[PDB]
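# Structure at a glance
Listed below are the residues making up each chain.
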Amino acid sequence: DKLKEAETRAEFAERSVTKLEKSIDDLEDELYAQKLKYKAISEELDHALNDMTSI
Amino acid sequence: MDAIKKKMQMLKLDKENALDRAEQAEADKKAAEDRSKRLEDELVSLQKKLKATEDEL
């Protein structure tokens, strides 16, 4: 009875964590790719102004 | 960015100043040279009138 409830609850519990794990790692990778994009865009005109610093 | 835009504005403001000064100097130079050539013509006319007066003398 309640045993069956426990089995069902535990079995469904494992479902949510594992599926979310892949999404979490994909989010991390996409975040890092975008941050690298911005950093690459950041330093270029930064150095351009460094050259343009007082001409 | 932002400061680059400020540098761009400044590098054109002095350009405008230089262009304005150049226009003023060009106008002044042209006026002075025109006055000088008019005075040259005046001197030539005065020489001619001196010659004519010397002829009458």
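### Examining a negative patch on the surface
Where like charges cluster on the molecular surface, the negative patch consists of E21, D25, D26, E28, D29 and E30 of chain A. Relative to the helices and strands, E28 of chain A is located in helix α1 (residues 2-52).

### Quick look at α1 of chain A
The first and last C-alpha atoms of α1 of chain A sit 75 Å apart over 51 residues, in line with the 75 Å expected at 1.5 Å per residue. Little of α1 of chain A sits out of view: just zero of its 51 residues are buried.

### Re unusual backbone geometry
Residues and elements named next belong to chain A. Backbone geometry at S54 places phi at a positive 50°, although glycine is not the residue there. With respect to the helices and strands, the residue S54 is situated in the segment after α1. Its relative accessible area of 65% is what places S54 among the exposed residues. Of note, the phi angle at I55 is positive, near 65°, even though the residue is not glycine.

### Focus: the pattern of salt bridges
Residue and element names in this part refer to chain B. One pass over the full model with this rule turns up three salt bridges over all chains. Here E16 and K12 are joined by a salt bridge, their closest N and O atoms 2.4 Å apart. You can see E16 and its partner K12 sitting in helix α1 (residues 3-56), four residues apart, about one turn around the helix. Since its relative accessible area comes to 42%, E16 is described here as partly exposed. Relative accessible area serves as the criterion here: at 36%, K12 is assigned to the partly exposed category. Its salt-bridge partner being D34, residue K37 comes within 3.2 Å of it at the nearest N-O pair.

Definitions and cut-offs
- Residues numbered from 1 in each chain as written, not as in the entry; some residues may be left out.
- Chains lettered and ligands numbered in written order.
- Part of a larger assembly, values for the part shown.
- Heavy atoms only, no water.
- Patch = residues over 30% accessible without salt bridge, like charges linked within 9 Å, V, L, I, M, F, W, Y side chains within 5 Å.
- Areas by Shrake-Rupley, 256 points an atom, 1.4 Å probe, with all protein chains shown as cover.
- Salt bridge = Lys/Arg side-chain N within 4 Å of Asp/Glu carboxyl O.
- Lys, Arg positive; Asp, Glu negative; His and termini not counted.
- Charge placed at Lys NZ, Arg CZ, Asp CG, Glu CD.
- Helix = DSSP H or I, 4+ residues; strand = E, 2+ residues; numbered from the N terminus.
- Expected span 1.5 Å × (residues − 1).
- Buried < 20%, exposed > 50% of the residue type's maximum accessible area, 1.4 Å probe, protein only.

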